[PDB]
């Protein structure tokens, strides 16, 4: 059992969670679930990033303390992930006691390494982005305001005596990392952008603040709070037992195999983060993958369904596994994408209700009515039977490779390509004609076709468990699959003839 440590970015709980958050959580959950079913020892971390000016300002506007806003809104984020059936091992919050100790410890490591110094900082700060910008990185608007050119967010002039991390000292070491380990950043286009950014030279990074107290206090300097990002990035270490490096959780899980993030926070994870760990003397994560941005087309409010960007509303309207499948099928993972109401309906009704649902229902109903509610004993397999089964048998290896990218969309496309072949096979064989035939050869052929169909459905159902946990669980129940035989290793074992099957019913209803 090889360890596999996967994480998501921890969101600022400044407002309600939206479709973008849900997109990242489900995508990561699918990989974490896949690895569990593939025989890995998985730890899966997610949570919230509660400190910073952005959070403090939101709290002040609402008229409640920052700690109150942080706790209340984080509860909403956790409840969403529980509703999305996310199999996280820990929901971390940067307000956690062990995270305070971890943050103080990594700061100490970097200071002891000689990479932290006190100097005067002058520059522009984007509160919305929690990010520093130079004078040349800003644009003086015709109305007199100053914004950050890249993001469009308003910037505030800042003059503070802060602590600095020696990022300028790590430029070439970071460049060597990208060259020697190209897998460190994914997809490829994102790595090229990071290489280009670092090649322009790096300046030292301000890592403390003096003008507010909503954050982790700097050890021995209570007048300073840690830059929200240094604090935030350390959560990946806290979730495995840091600063207890001798603990068994830290020994087996660190370094992380995959950091799942969006492309708006790539530089924090691929430039600052590895530099922090180099300074601290800690091994680096194996891979950072930046997924694309998902956005709603048309109006936010729909006359029929309501809030289209609200993940809770989408789940209640279409069903959890319907939403989970749509997000991972509609957009090529890593790329930017868009969606509307009709795109979801079209995907629910065609792919799930008809392609998978109807194929499973038509086959299982013929078993329960015409074959005594038991898996039929097959006869001799024809060239058409074999060609379909071979295509279904080839999936596990294909899908495994897609999940390692990660590219869940291509894994789903490969499965549905086989499901398409299974539907064409079912239609060409005409089992509804064979069941009524008096001839003995046709009655045996009827048994083989149904066995061949049920085996393909079984393989597909086992493979789709990471994407649609509950719907596949029900579909495997109807196929008479034992509870302990549902890992990917069971795909090699053909469905047993004579196995008793429960009364079948539709699992993927039409919208």
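Numbering follows the first chain given and starts at 1.
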item	value
Of 245-253 and 87-95, the one with larger mean CA B-factor	245-253
162-170 versus 129-137 - which carries the larger mean C-alpha B factor in the record	129-137
Residue, from 398, 259, 263, 436, that the PDB entry assigns the highest Cα B-factor	436
Selection by C-alpha B-factor (highest) of 177, 371, 237, 323	371
Assigned third (lowest, middle, highest) for the C-alpha B factor of residue 8	lowest
Residue 482, C-alpha B-factor rank within chain (lowest, middle or highest third)	highest
CA B-factor ranking of residue 332, expressed as a third of its chain	lowest
Modelled-residue ranking by C-alpha temperature factor, third containing residue 442	highest
Cα B factor band for residue 32 (lowest, middle or highest third within the chain)	lowest
